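Please read the structure below before turning to the comments.
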Amino acid sequence: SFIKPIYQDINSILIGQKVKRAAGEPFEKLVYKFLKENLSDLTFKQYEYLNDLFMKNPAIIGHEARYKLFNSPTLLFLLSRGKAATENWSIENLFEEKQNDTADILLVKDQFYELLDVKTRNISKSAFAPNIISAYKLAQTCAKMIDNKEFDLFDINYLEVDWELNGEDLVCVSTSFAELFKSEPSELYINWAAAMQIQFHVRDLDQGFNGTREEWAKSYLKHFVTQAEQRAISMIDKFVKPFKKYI
Amino acid sequence: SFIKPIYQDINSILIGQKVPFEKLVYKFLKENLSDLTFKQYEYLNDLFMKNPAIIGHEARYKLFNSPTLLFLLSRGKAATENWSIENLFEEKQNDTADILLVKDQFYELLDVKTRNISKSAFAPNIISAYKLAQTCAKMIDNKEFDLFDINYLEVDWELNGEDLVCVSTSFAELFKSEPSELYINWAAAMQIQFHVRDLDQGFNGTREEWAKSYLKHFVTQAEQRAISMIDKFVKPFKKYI
DNA sequence: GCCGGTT
DNA sequence: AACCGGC
DNA sequence: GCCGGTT
DNA sequence: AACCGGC
Ligand SMILES: [Mn+2]
Ligand SMILES: [Mn+2]
Ligand SMILES: [Mn+2]
Ligand SMILES: [Mn+2]
């Protein structure tokens, strides 16, 4: 990670930080503001990075050619926008924040990519693990890493900002940081109903995986396929059986 | 619908207004059907305020006088229990309905969907196909076939400089649509997805029929998704394990 | 504690 | 509660 | 037109 | 992008 060396800083700055009454999505901006101040040459919003990539290559027009600028099938897959959106891009028609985008922030350096999400949590409310990332997208990601042998190109990490309502604004009370690729893949909770999302709180994320990036991919694909099989038959029991009587 | 007879009115007041764009409608409905119109959370408060005698969740759950409505409108046991005149419910993202209209102990559940017609059409989550399944099951077990409708109002808008402007609307009734026509997007939180404007309204049977017909559709689509899971999520990745 | 459905 | 983009 | 994954 | 409640 690029932000880990200064995490203790981020942690200490964000704590006690307040914002005017995700619900706490103004806390993301602080993290981005901070990143952009201490690692400014590394820090991008995902759309910002796409904009920079294309601005550096004005000659390169069309989606075909523009996709080539990625030098990576897995990154092309995680990062790019659609073909018409890419074809249509211009200095006048730049990319903007996109609901669906994979990552909140990109830390890039020497061709190594850290995709960073900021999750925000209302510590008052009962714990409810948030959607992290699509288990399916993650399966595809794992398959593309293996097919193209990209096991040393990018990490997917998380920064959780705990907050509470203090009078008339939100205040951050603590944070956590975890690395997707350091967890035991077979331990990832896939919530099929919840748009097929891996779900957890960062603070709970296991961080003891031992093998290589390749082994993680293989093991996650095993876990995915197993959970998918289980869910298939588990659907008959929960969504069919209970209703058969009425028909 | 209580809304339908005055749809022209609504349409006419909304078209051209300026400001996802959370668009009133509530305002209009309130100022024209005051004693019929409620946010969901507000209707809950109303119900409990009107019965200070009752306390505890079990007792206040009886105030609904309907297993189905209880299923659709009520908060959890604890939050009900802890409800107080000095501790009211607030808007909850999770609530079934945007607006509830009730007259003569009949309920119209109204969602207001918004839509940027500048962008390319993408059917929105409407309601959980699994929630709807439980709903029809409850309607049948409890013979509540004349109690509530679930209806939708689509506000089409478009960005003009600084201000976002409504430029058309649609209204449909869920229980007038061909149940087997309803698109159940499993991956999308098991949601029914449609735009209102596109919603079949040619159903002619009874409420009971609709419910039984829907459950048949649901059970069928659940099996199909179960099976489809193998091809979509299993075979494509086996070559790696 | 464990678990998964909904906006 | 929306939201894009493959073919 | 058709269809369905993601934040 | 997060959000409750059943036992
Ligand atoms: Mn993101
Ligand atoms: Mn975020
Ligand atoms: Mn609603
Ligand atoms: Mn709405």
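Lettering of chains follows the sequences in order, A, B, ..., and the numbering in each one begins at 1.
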Exercise. Quick one: is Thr114(B) getting a side-chain N or O under 4.0 Å of the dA2(D) phosphate, OP1 or OP2?
Worked result: yes
Problem set entry | Phosphate OP1/OP2 of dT6(C) contacted by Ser128(B) side-chain N/O (<4.0 Å) | yes
Seminar exercise, completed: Of the candidates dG6(F), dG4(E), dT6(C), the side chain of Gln191(B) sits closest to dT6(C)
Seminar exercise, completed: Ranking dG5(C), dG6(F), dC3(D) by distance to the side chain of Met190(B), first place goes to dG5(C)
Problem set entry | Minimum-distance nucleotide (side-chain atoms of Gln140(A) versus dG6(F), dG5(D), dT6(E)) | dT6(E)
Problem set entry | Qualifying residue for ring pair (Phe, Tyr, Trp, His ring centres under 6.0 Å) with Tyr49(A), from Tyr113(A), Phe70(A), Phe54(A), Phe95(A) | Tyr113(A)
For this session: Verify whether the ring centers belonging to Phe200(A) and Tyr189(A) lie closer than 6.0 Å.
Result: no
Exercise. With respect to the phosphate group of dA2(D), does any side-chain polar atom (N or O) of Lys113(B) fall under 4.0 Å of OP1 or OP2?
Worked result: yes
Exercise. Is the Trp192(A) ring parallel, tilted or perpendicular to the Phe224(A) ring (thresholds 30°, 60°)?
Worked result: tilted
For this session: Please name all residues satisfying side-chain hydrogen bond (donor to acceptor under 3.5 Å, both in side chains) with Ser80(A), sequence neighbours left out, ordered by chain then number.
Result: none
Exercise. Should the pair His217(B) and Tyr214(B) be assigned to parallel (<30°), tilted (30 to 60°) or perpendicular (>60°) ring geometry?
Worked result: perpendicular
For this session: Toss me the dot-bracket line for DNA chain D: Watson-Crick and G-U wobble, both under 3.5 Å, 5' to 3', using | for pairs to another strand and [ ] for crossers.
Result: |||||||
Exercise. Has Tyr183(B) got a side-chain N or O lying under 4.0 Å from the OP1 or OP2 atom of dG4(E)?
Worked result: yes
Problem set entry | Any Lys131(B) side-chain nitrogen or oxygen under 4.0 Å from OP1 or OP2 of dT7(C) | yes
For this session: Would you please confirm or rule out a distance under 4.0 Å between OP1 or OP2 of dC7(D) and any side-chain N or O of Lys83(A)?
Result: yes
Seminar exercise, completed: Residues passing the side chain to side chain contact (heavy atoms under 4.5 Å, CB included) test with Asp206(A), sequence neighbours excluded, are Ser183(A), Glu184(A)
For this session: Looking at groove-facing base atoms under 5.0 angstrom from the side chain of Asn185(B), just let me know which groove that is.
Result: major
For this session: Compare the minimum distances between each of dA2(D), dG4(E), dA1(F) and the side chain of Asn131(A), then state the nucleotide with the smallest one.
Result: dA1(F)
Problem set entry | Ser66(B) backbone acceptor or donor facing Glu144(B) side chain under 3.5 Å | no
For this session: Answer with base, sugar-phosphate or nothing: what part of the nucleic acid does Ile127(B) contact at a heavy-atom distance below 4.0 Å?
Result: sugar-phosphate
Exercise. Would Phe128(A) pass as stacked on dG4(C), i.e. its ring centre under 5.5 Å from the base's six-membered ring centre and planes under 30° apart?
Worked result: yes
Exercise. Which of these nucleotides, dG5(C), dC3(D), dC3(F), is closest to any side-chain atom of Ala23(A)?
Worked result: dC3(F)
Exercise. Is there a donor on the side chain of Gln193(B) or the base of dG5(E) sitting less than 3.5 Å from an acceptor on the other?
Worked result: yes
Exercise. Do the side-chain N or O atoms of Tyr130(B) get closer than 4.0 angstrom to the phosphate oxygens (OP1, OP2) of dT6(C)?
Worked result: no
Problem set entry | Out of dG6(F), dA2(F), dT6(C), whichever nucleotide has its closest atom nearest the side chain of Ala189(B) | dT6(C)
Exercise. For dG5(D), does OP1 or OP2 lie under 4.0 Å from any side-chain N or O of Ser120(B)?
Worked result: no
For this session: Show your reasoning for whether side chain to side chain contact (heavy atoms under 4.5 Å, CB included) applies to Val171(A) and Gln17(A).
Result: CA-CA 6 Å; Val171(A) 47; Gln17(A) 196 86 39; over 6 Å; no
Problem set entry | Phosphate OP1/OP2 of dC3(D): any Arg81(A) side-chain N/O under 4.0 Å | no
